[PDB]
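next one to model:
(chains A, B and C)
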Amino acid sequence: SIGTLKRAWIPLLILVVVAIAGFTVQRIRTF
Amino acid sequence: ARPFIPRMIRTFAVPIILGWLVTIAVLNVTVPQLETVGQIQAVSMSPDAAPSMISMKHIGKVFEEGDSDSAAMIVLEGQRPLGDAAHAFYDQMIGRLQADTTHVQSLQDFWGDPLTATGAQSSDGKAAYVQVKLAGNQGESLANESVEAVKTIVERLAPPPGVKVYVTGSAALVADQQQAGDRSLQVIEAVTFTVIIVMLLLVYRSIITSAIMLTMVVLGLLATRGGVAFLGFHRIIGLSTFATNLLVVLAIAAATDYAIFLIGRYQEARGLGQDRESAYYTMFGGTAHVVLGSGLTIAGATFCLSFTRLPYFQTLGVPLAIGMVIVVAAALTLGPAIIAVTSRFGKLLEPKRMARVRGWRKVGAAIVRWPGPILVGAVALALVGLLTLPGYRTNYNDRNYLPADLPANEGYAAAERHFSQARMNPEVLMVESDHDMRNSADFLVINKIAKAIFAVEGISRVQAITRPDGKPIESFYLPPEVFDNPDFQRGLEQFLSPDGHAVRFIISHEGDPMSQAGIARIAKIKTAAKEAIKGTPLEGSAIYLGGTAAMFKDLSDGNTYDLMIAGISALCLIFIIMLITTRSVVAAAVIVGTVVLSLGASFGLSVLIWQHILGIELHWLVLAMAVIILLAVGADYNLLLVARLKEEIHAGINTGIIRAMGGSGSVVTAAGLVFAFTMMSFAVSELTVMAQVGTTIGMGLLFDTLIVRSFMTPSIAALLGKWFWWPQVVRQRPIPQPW
Amino acid sequence: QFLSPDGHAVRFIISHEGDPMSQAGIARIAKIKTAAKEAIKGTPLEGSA
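Residues are numbered from 1 along each chain as shown, chains lettered A, B, ... in the order given. And now the structure:
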């Protein structure tokens, strides 16, 4: 819901950034 | 009232100081120093599964000449063409070298063979050479003592009159470069010591405060070094010389950063008019979380650096993180403790005069009132920095980055004096087929390969079974009876696998084999060698290419990919920490943009100064070290400044800017200049690569502190306004209070 | 006509295709020089002018 989503936007944003960074680093590493 | 942690730190000050001292003592007396423990367990710098390394191991395995890739050359020249006594002593020496099976694995006797002697002798018949395969890979100590042993065994016996013997190659080069760095250490340390003392007395205008800071820094450095050597001594974690050096540099930088942070905040608080106790409590409550966050961000980034594939960064991940954690722990426990003890006992930490805070408040006033034009000026300077970046070249030859008195350099000089190619850095090509090659048609194909290789733009010699002197430019015929001449059989073992399933040609470049062209040439060598067999029965065989240029091409590719991995990791972690600290999504983005822009401008200025003007090309390691240190220090300073700015927002956006400038700009500037000049004092070293790294970091921090951090980000903050703190809602000015 | 009277030189007379004074014609001469240099490489004429 709105409240439980906007009351914790920081941790979710960090999770998204870490996920993207991990995916990109994994893909680059295999080269 | 008073938080738990500072009260417990200060109440137990003396016992914790004693504990720190005794721990450092025990960790430094019972466990050797970092240089020794690092050298005993050094690791090879070439990746384990690179295309070149596998080729060298396989080539060694097939011909039964060891499993290593270290090699050296012996140069034999005289002022008169060599005679029979030359052969006599050459044979005696070669017997002696073959007697010592401990250190030399296998040998390549060309000059002793009449058929191939032409290919192992100068055009005027005045010089010769030999190849020795040595124990241990590159960079392991085994190679070092093996090359030293060969030097001793060759120099024990006196050469005949008229001739002189050298030792040459890459192994001797690395051994002597290690010795040269060790020699330069003393002078460089003396000069940097005097410069750092001068700078500290200049920043503080006192002798006692400088002495106390030196104490903080040395205790932190000794603790970090002892602890990391303790962990590495028991084979708990890996170590390497590059790791120890960068660890020392980072330890010094972080320790001085935090020491200046704490003492400056203390003195500022005292100047405001608070008593000793409240000054201590406010410095802790204003700097502790910043120090902790910066330390953990740097530790996390330097740990994430460990996923890299190139060992130069792989081995560098754990030890630096452990050292950084130790540094932050020491500077959070021991720091405030001794500050409290020193403040209480007598009268030592005492601010005198006030001339920097007022000046920096004035600079903040200028930034706030006219933020636009100052921004365009700063970005214009960054532009003049950036525009020289795209033209950037790099050189992998390490010969011409050292003084010319190293013995290997005289060996190289002799070789260049009597040879018109780069015959001291050859290569080897291999073809692995599935049938015996000791027959005529396969020889025609072999010669086809040799000729196809010879015709590449850059190659000068291609030494093969067909032509031992290395000029395959002729039509070929060898009747089958030639397999019975014993001399031909000896050459056959030298050049063909004993099973008959492999061939190898020795390829020597022209010019420097390690410049960019010498790196791009091996791909063409492989393509030509592949297309030469196309259509002949040998199709589908496996082609190996082992040599120095191959190794350096692999290293360059790994270098670019690892630089990008580390960049993404570091930048994303900076984003995370700024977001946690400020609770703003635009502020973190602005900081990320500014830091990357500063890296770019700094390196642009450095390349403008070092390659265009002084006419010396940068190394292939400067980028990595420079970016590591610059990113760490920038994270630290930006975190402090932004945290302070957030602290002073409540009374208006912009008077907060000028207050924050007065409070913290001076501290960050002092730390930046001290570290920058401590590094800049390295320009007088005779190991030019260290001069390059030191000067790059120095000029980079000068530009960062004096242009970017003091004029670009405060101006941006004052320009955007309340939109620097989105999504948080803030006000440009408080409610208008009455008179 | 071709060799030098003292016998220390030779000259070749080279004619282009199309328009010698367009961009390609200008670019061709470096290739000519490189080709000659690589042709003399390894032979007793190596390093000549």
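
give me the element the closest residue to chain C within chain A is part of.
Per Cβ to the nearest Cβ, residue A:31 is where chain A lies closest to chain C, at 34.6 Å. C-beta: built from backbone N, CA, C; applies to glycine. Here residue A:31 is covered by no helix or strand, with elements defined by DSSP states H and E.

what number of residues lie near it?
11 (other Cβ atoms under 10 Å in any protein chain shown).

show me where the chain has its strands.
All of this refers to chain A. Taking DSSP state E, chain A contains no strands at all.

hmm, I had chain B in mind actually
In chain B, the strands defined using DSSP E lie at B:70-78, B:104-108, B:127-134, B:163-165, B:168-169, B:427-432, B:461-463, B:502-508, B:542-547.

tell me the contacts of the closest residue to the residue of chain A closest to chain C other than its chain neighbours?
Excluding the flanking residues, the one nearest residue A:31 by Cβ to Cβ, 6 or more residues apart in numbering or on different chains is residue B:561, at 5.6 Å. Residue B:561 makes contact with A:28, A:31, B:309 under the criterion Cβ atoms under 8 Å, 6 or more residues apart in numbering or on different chains.

circling back to that earlier point, distance to chain A and mean neighbour count for the strands of chain B - can I get that in TSV?
Below are those laid out as TSV (distance: least, Cβ to the nearest Cβ, whole Å; neighbours: other Cβ atoms under 10 Å in any protein chain shown):
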stretch	distance to chain A	mean neighbour count
strand B:70-78	28	23
strand B:104-108	34	17
strand B:127-134	32	22
strand B:163-165	46	16
strand B:168-169	32	24
strand B:427-432	25	21
strand B:461-463	32	23
strand B:502-508	28	23
strand B:542-547	20	20
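
burial check on the nearest residue to residue B:40 once chain neighbours are set aside, number of neighbours?
Counting by Cβ to Cβ, 6+ apart, residue B:141 is the residue found nearest to residue B:40 once chain neighbours are left out, at 7.0 Å. Residues within reach of residue B:141, counting by other Cβ under 10 Å, total 12.

tell me the contacts of residue B:141?
B:39, B:40, B:42.

ok, of the residues you listed, which one's closest to chain C?
Of all these, chain C sits closest to residue B:42, with 42.3 Å by Cβ to the nearest Cβ.

that closest one: what's it in contact with?
Contacts of residue B:42 by Cβ under 8 Å, 6+ apart are B:139, B:140, B:141, B:239, B:240, B:241.

just give the nearest non-adjacent residue to the residue of chain A found nearest chain B, would you?
Nearest residue of chain A to chain B, counting by Cβ to the nearest Cβ: residue A:21, 4.6 Å away. Among residues not flanking residue A:21 along the chain, residue B:572 sits closest, at 4.6 Å (Cβ to Cβ, 6+ apart).

so how far is residue B:589 from the one you found?
Separation of residue B:572 from residue B:589 (Cβ to Cβ, to the nearest Å) stands at 12 Å.

just residue B:705 next, same as before
With Cβ to Cβ as the criterion, residue B:705 and residue B:589 are 22 Å apart.

so those two - more neighbours on which side?
residue B:705 (23 against 13).

the residue of chain B found nearest chain C: how many residues sit nearby?
Using Cβ to the nearest Cβ, the single residue of chain B nearest to chain C is residue B:471, 4.4 Å away. When neighbours are counted by other Cβ under 10 Å, residue B:471 registers 18.

ok, it touching residue B:461?
Yes - counting by Cβ atoms under 8 Å, residue B:461 is a contact partner of residue B:471 at 7.5 Å.

only C-alpha atoms, please: export stretch B:412-432 in PDB.
Output in PDB follows, covering the C-alpha atoms of stretch B:412-432 (Å, rounded to 0.1, in the frame of the first residue of the first chain):
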ATOM      1  CA  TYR B 412      70.500  -3.900 -22.900                       C
ATOM      2  CA  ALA B 413      72.800  -1.100 -24.100                       C
ATOM      3  CA  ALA B 414      75.400  -3.700 -25.300                       C
ATOM      4  CA  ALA B 415      72.700  -5.700 -27.100                       C
ATOM      5  CA  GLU B 416      71.400  -2.600 -28.900                       C
ATOM      6  CA  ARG B 417      74.900  -1.600 -29.700                       C
ATOM      7  CA  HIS B 418      75.600  -4.800 -31.600                       C
ATOM      8  CA  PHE B 419      72.100  -5.700 -32.800                       C
ATOM      9  CA  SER B 420      69.600  -3.800 -34.900                       C
ATOM     10  CA  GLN B 421      66.400  -5.500 -33.600                       C
ATOM     11  CA  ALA B 422      64.900  -6.100 -30.200                       C
ATOM     12  CA  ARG B 423      66.500  -9.500 -29.900                       C
ATOM     13  CA  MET B 424      66.400  -9.500 -26.000                       C
ATOM     14  CA  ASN B 425      62.600  -9.800 -25.900                       C
ATOM     15  CA  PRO B 426      61.700 -12.600 -28.400                       C
ATOM     16  CA  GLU B 427      58.500 -14.600 -28.700                       C
ATOM     17  CA  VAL B 428      57.600 -18.200 -29.400                       C
ATOM     18  CA  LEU B 429      54.900 -19.600 -31.600                       C
ATOM     19  CA  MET B 430      53.600 -23.100 -31.400                       C
ATOM     20  CA  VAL B 431      51.500 -25.300 -33.600                       C
ATOM     21  CA  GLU B 432      50.000 -28.500 -32.200                       C
END
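
returning to that earlier point: narrow the contacts of residue B:42 to just the buried residues.
Those of the contacts of residue B:42 that meet the buried threshold are B:139, B:140, B:239, B:240, B:241, by 16 or more other Cβ atoms under 10 Å in any protein chain shown.

among the residues you listed, which lie within helices?
Among the buried ones among the contacts of residue B:42, the ones falling in helices (DSSP state H) are residue B:241.

got CSV for the buried ones among the contacts of residue B:42, with distance to residue A:9 too?
Converted to CSV, the buried ones among the contacts of residue B:42 look like this (distance: Cβ to Cβ, whole Å):
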residue, distance to residue A:9
B:139, 49
B:140, 52
B:239, 43
B:240, 42
B:241, 46
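
what would the buried ones among the contacts of residue B:42 look like in a markdown table with distance to chain A?
Below are the buried ones among the contacts of residue B:42 laid out as a markdown table (distance: Cβ to the nearest Cβ, whole Å):
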| residue | distance to chain A |
| --- | --- |
| B:139 | 24 |
| B:140 | 26 |
| B:239 | 24 |
| B:240 | 21 |
| B:241 | 25 |
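
and the top helix by length along chain A, what does it pack onto?
Identified as the longest helix of chain A according to DSSP H is helix A:9-29. If you count contacts as 3 or more Cβ pairs under 8 Å, 6 or more residues apart in numbering or on different chains; DSSP states H and E, helix A:9-29 packs onto helix B:548-582.

what residues sit buried inside the helix it packs on?
Buried-residue list, helix B:548-582, by 16+ other Cβ under 10 Å: B:548-559, B:561-563, B:565-566, B:568-579, B:581-582.

stretch B:82-90 too?
Neighbour-count burial for stretch B:82-90 flags B:82, B:86, B:89, B:90 (criterion: 16+ other Cβ under 10 Å).

before we move on, what about stretch B:234-243?
Result for stretch B:234-243 [16+ other Cβ under 10 Å]: buried residues B:238, B:239, B:240, B:241, B:242, B:243.

residue B:126: how many residues sit nearby?
Counted with other Cβ under 10 Å, residues neighbouring residue B:126 total 17.

who's in contact with it?
Contacts for residue B:126 (Cβ under 8 Å, 6+ apart) come out as B:77, B:78, B:80, B:81, B:82, B:418.
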